[PDB]
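The chain below stands alone, shown as structure tokens; this is the form deposited in one PDB entry.
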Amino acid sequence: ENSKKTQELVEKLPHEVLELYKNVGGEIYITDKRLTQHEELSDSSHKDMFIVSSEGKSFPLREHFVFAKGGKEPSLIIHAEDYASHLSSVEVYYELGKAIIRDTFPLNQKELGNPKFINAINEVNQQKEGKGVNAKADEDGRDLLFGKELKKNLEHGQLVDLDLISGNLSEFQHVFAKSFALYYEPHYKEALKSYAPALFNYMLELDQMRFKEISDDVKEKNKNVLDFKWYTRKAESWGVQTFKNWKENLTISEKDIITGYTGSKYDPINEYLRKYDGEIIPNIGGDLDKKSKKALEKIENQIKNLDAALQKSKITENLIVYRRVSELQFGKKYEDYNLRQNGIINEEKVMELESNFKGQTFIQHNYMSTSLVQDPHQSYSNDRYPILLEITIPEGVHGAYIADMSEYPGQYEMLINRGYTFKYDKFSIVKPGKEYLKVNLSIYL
């Protein structure tokens, strides 16, 4: 009923826009209950939350009829209604617009700094009434699209650049989402065109070609590699489903050591494995005292069990995984390399790491703990580690999703087998509040 009309409202939107939202695990929920009673808005925080409508009016979330929940599992929750009302429809398209520009890659990374957006915004901000000398400022575009706070921080005629966008991010996301909403709601479109022509044309290009272009480019990339980025919804579903069979084919001992390995067994195991950097140097003469011998045998048995578990698992498609590390990644002598000072990545150090390591191969003799998603957990994040390894795993590699067995499921761990050869492919400085060095590696089978 009203649920159908709500669906029909969304289905008027371009299929391409809905595609981009779906790609990042975006879900659209239509509900007859209050938004704050929905499963997705359960957190105690959503109780005392407020939202601001397209026209700048504040309401309690509980009282409102649509909300784009952002973050790592984006959701658009919509109260089912008639939506014959254009005043209502425009708010849905507004939150959807926000879901696009704020929550969906790649738009939420590049778009607002794009010449096209900045150019359109500058032109609207510079509209004139007259055509000759000393023509009066025309505030019609700013009044239609710019929020209260943005009108306070930006004057008419004043120039917008990347640093102004970065300092007023949510305010420019509003401009984008409201342009989007007015463009797509048929009874608001003509006013957008009349009063902010530059932003109308900006949205017309997105609607008529460039949403589609961005979408096809995503489809193309997904054909070559699977990359969940920081989004957890699709990642967790893929991890659980893909390795379910493998998990049923583990022994009790194998499951126990997988768990133990994510806990206190981690260091003793990986230290043992890294011992001689792959050189075979037998220890001969004398013997270990009884406790050290027992401890060593125990570690050897754990490695036997982990080896056996991971041999039973094969990654079935090209996959990107993520791992945070320190400068010790490049060797013991880099321990105090001081790659990052005051949250700033030293540019010349990156140049010499690049000079020394780019193209070089190496063996990780340790098992390789990685995350199926980027930076999911406080233990291994940008704040503590100045280097993110972005690792391309080719189909056929022995590794497995172990998060549901881990003492830390929130890490979304993909455990890759020991003894693979890796290559340093690329070095990139990533800016925000700390910068970091992204190092692309590939496994070489």
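Note that the rigid core is defined as the largest set of C-alphas that superpose within 1.5 Å between two forms. Residue indices: 1-based, along the sequence shown.
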Per the record, the count of deposited residues between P432 and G433 that have no coordinates is 4 to 9
Mean C-alpha temperature factor, higher of 72-80 and 116-124: 116-124
Out of 294-302 and 370-378, which stretch has the higher average CA B-factor listed in the record? 294-302
Comparing recorded Cα B-factors across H365, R102, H86, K136, which one is largest? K136
Sort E395, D48, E27, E413 by C-alpha B-factor from the entry and give me just the highest. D48
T6: which third of its chain by C-alpha temperature factor? middle
Classify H174 as lowest, middle or highest third according to the C-alpha B-factor given in the PDB entry, relative to its own chain. lowest
Cα B factor band for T251 (lowest, middle or highest third within the chain): lowest
Taking the C-alpha B-factors as the PDB entry records them, is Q37 in the lowest, middle or highest third of its chain? highest
Taking the C-alpha B-factors as the PDB entry records them, is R418 in the lowest, middle or highest third of its chain? lowest
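Although not depicted, the form deposited in another entry is the subject of the following passage.
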Shifting its Cα by 2 Å or more between this form and the one not shown with the rigid core aligned, the only one of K223, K332, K152, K294 is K332
2 Å or more on the CA of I258 between this form and the one not shown, with the rigid core superposed, yes or no? no
After fitting the core, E190 CA displacement of 2 Å or more between this form and the one not shown: no
Is_shifted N382 between this form and the one not shown (CA, 2 Å cut-off, rigid core): yes
